[PDB]
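These are the residues of each chain, in order.
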2 protein chains.
Amino acid sequence: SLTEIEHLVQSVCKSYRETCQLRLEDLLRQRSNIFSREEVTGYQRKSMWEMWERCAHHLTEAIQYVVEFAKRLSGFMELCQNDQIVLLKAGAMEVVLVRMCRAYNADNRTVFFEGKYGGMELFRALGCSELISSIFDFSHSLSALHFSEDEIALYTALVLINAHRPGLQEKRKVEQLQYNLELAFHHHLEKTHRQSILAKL
Amino acid sequence: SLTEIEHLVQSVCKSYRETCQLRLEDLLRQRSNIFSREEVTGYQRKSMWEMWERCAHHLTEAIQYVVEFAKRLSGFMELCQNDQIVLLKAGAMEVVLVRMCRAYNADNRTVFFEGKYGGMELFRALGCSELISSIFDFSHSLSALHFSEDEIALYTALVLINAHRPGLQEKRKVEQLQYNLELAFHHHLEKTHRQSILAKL
Ligand SMILES: O=S(=O)(Nc1ccc2c(c1)N(S(=O)(=O)Cc1ccc(C(F)(F)F)cc1)CCC2)c1ccc(F)cc1F
Ligand SMILES: O=S(=O)(Nc1ccc2c(c1)N(S(=O)(=O)Cc1ccc(C(F)(F)F)cc1)CCC2)c1ccc(F)cc1F
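Residues numbered from 1 in each chain as written, not as in the entry; some residues may be left out. Chains lettered and ligands numbered in written order. Heavy atoms only, no water. Residues with missing side-chain atoms left out of burial classes, pairs and counts.

Looking at the entry header, you'll see X-ray crystallography listed as the method and 2.5700 Å as the resolution.

Going by what the PDB entry lists, chain A is known as Nuclear receptor ROR-gamma and is assigned to Homo sapiens.

Below, the structure written as structure tokens:
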């Protein structure tokens, strides 16, 4: 449990990288590529039905990739079908949300969506202004932690692999996986000098 | 195709009745059982996260029952796995919405939700006031058609079994199912003297 834990970090990070939808360098570069008023207006003039379809498609894709990420964690495939589903039900949306913070630009308060960056107003046709502001505020406050890629990988791993979830058959097995991931997270934070973030999550 | 079509109506209606979540008589009776201010306030004070969980659970249940209804239609099981999924993806939410009109009371503008009736304000914590009003307006306008149970059964059947859906392997097979359901719908409307509704949907 020294080279074993160092392989778990390498593994979690690789599983994350190969199941992240977008490469970070493209997300950062594309910050300058902002939707015009004309384009934003095009999205706002879409019917409530059309927009919900579009946005539901993207969410579904995002969740699929989170499933692929979960399957890639050591031990996740060894859980009974009930537990796999429970952990994904309790964890997926939180992982999508943390993953989305990468696509959020706190400087101008925009997100990457369908190839360009735009603000909350993009989603006006959905009729969820309050919900969308709360999603943006979450991203905003999470972006102030300046999470590295490797940190997202390890942290989203711990979000999914949570033994406290209601409905779980094998609490003890999940506890072991969780514990190994906790060791992995805290180890990588020690070597990178980033222990300070533990207090503020 | 006279006793055959009369058996299809009986069949569709029975499949609907055994996959409707709530009996209509209970829905109508429970119209008088309205949430108090105290109870409505309890829902509004729930966090955005808590309410979304609750409402997502109910939606998921509603969709499950719509799946059971689809499987119960003659020919639906005979479609390849791709087509089954396509038709459910394109149709489910529309069926949920039509089914929900039964739980909507146009007289006081309330819906049945978790055991009592309440208005739009129940869902304030979700942050989707615009979306929720559009759902209520849909129910409102649909409730003015005064759809019988048998009519919902046959109409929701035609919503799902639509050959025009993008992504379909066996367009010709779905066309045959659709056509039989169209015959069944129009037949039942003839015998019940309710041809007038065809113009206004
Ligand atoms: O390409 S996206 O679909 N763009 C995007 C970026 C931000 C948002 C939305 C969509 N949407 S959406 O409805 O089309 C899909 C969506 C994404 C995330 C969430 C979240 F609440 F779980 F975070 C909900 C819906 C509205 C909420 C904010 C995307 C999805 C996941 C991700 F990690 C990054 C993304 F850019
Ligand atoms: O017991 S319900 O869950 N109560 C109910 C009645 C009306 C609504 C909601 C919930 N919700 S919800 O978010 O908790 C579940 C939901 C139900 C229907 C739809 C619809 F848009 F597809 F119609 C969306 C969400 C908000 C929209 C209006 C229910 C679900 C389906 C149904 F056909 C009848 C119901 F009463």
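(A) Broad picture of the site of ligand 1. All names here are of chain A. Looking at ligand 1, there are 14 residues lining it, with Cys-55, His-58, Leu-97, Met-100 and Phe-112 nearest. Here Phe-112 contributes a backbone N or O atom positioned 2.9 Å from a nitrogen atom of ligand 1. Alone, ligand 1 offers 630 Å² of accessible surface; in the complex the protein occludes 89% of this. Contributions of two or more residues to the shell around ligand 1 are made by helix 4 (48-71), helix 5 (81-101) and strand 2 (110-113). Partitioning the shell around ligand 1 into residue classes produces 12 nonpolar, one polar and one charged. (Near = heavy atom within 4 Å. Polar contact = N/O pair within 3.5 Å; in protein donor to acceptor, adjacent residues only side chain to side chain. Areas by Shrake-Rupley, 256 points an atom, 1.4 Å probe, with all protein chains shown as cover. Helix = DSSP H or I, 4+ residues; strand = E, 2+ residues; numbered from the N terminus. Nonpolar A, V, L, I, M, F, W, Y, C, P; charged D, E, K, R; others polar.)

(B) Representation of the packing of aromatic side chains in the model. Residues and elements named next belong to chain A. Scanning the entire structure with this criterion turns up 14 aromatic pairs over all chains. Measuring from ring centre to ring centre gives 5.7 Å for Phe-112 and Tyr-117, while their planes differ by 55 degrees; the resulting arrangement is tilted. Judged by its relative accessible area of 0%, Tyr-117 is buried. Measuring from ring centre to ring centre gives 5.0 Å for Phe-113 and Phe-123, while their planes differ by 75 degrees; the resulting arrangement is edge-to-face. Of this pair, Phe-113 sits in strand 2 while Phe-123 sits in the loop between strand 3 (116-118) and helix 6 (129-143); the two residues are 10 residues apart in sequence, bridging distant segments of the chain. Taken individually, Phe-113 and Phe-123 each receive the classification buried, so the pair is uniform in this respect. Taken together, the ring pairs connect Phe-35, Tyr-43, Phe-113 and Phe-123 into an aromatic cluster. (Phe/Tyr/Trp six-rings, centres within 6.5 Å; stacked < 30°, edge-to-face > 60°. Buried < 20%, exposed > 50% of the residue type's maximum accessible area, 1.4 Å probe, protein only.)

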